[PDB]
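One chain follows as structure tokens, the form deposited in one PDB entry.
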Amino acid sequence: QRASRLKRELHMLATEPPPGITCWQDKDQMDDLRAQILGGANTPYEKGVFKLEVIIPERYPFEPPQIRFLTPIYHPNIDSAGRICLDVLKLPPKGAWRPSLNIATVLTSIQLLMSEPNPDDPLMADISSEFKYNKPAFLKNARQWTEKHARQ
């Protein structure tokens, strides 16, 4: 059932990936994956390439994929170790993971989170206040962080 579902998902990611998103097997196992999200336009992350680690837990699809950024990113919801505060990556009642979602849909949500942060549920408190109260300085720091760590 699990193995069977992962094959369906890998196939879909290889053939019909979402715009801007790529995901693939590192080795010869279906539960240790990698992905890549391209920084969107009309965002400070633009022209940046962000790599992620995607671990599929042993009880998938009843527990969510465990995802973290490997490429540094300056964002209120993402910490210095790459942990993402996002509802679709957490179990209910607080979270919104359900088995009718998949790897592609959560990667797309992380992409949306990059365009549209939530300072209501921050992981980086100083970055979160800068985003609310000094928006131009946030945008400047994000673009600098992008150019340094996500390019060449």
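Residue indices: 1-based, along the sequence shown.
Unshown form deposited with a small molecule bound; subsequent notes refer to it.
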Open item on the list: Taking the small molecule as it sits in the entry with it bound, is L38 in contact with it (heavy atom to heavy atom, 4.5 Å or less)?
Closed with: no
- [ ] Look up in the entry with it bound whether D32 has a non-hydrogen atom within 4.5 angstroms of the small molecule, and give yes or no.
- [x] no
- [ ] Report yes if any heavy atom of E63 sits within 4.5 Å of a heavy atom of the small molecule in the entry with it bound; otherwise report no.
- [x] no
- [ ] Please run the contact check for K27 against the small molecule in the entry with it bound: heavy atoms, 4.5 angstroms, yes or no?
- [x] no
- [ ] May I ask whether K132, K135 and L139 each come within 4.5 Å of the small molecule in the entry with it bound, counting any non-hydrogen atom?
- [x] no
Open item on the list: Just to confirm, with a 4.5 Å cut-off on non-hydrogen atoms, which of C85, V54, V49, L113 contacts the small molecule in the entry with it bound?
Closed with: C85
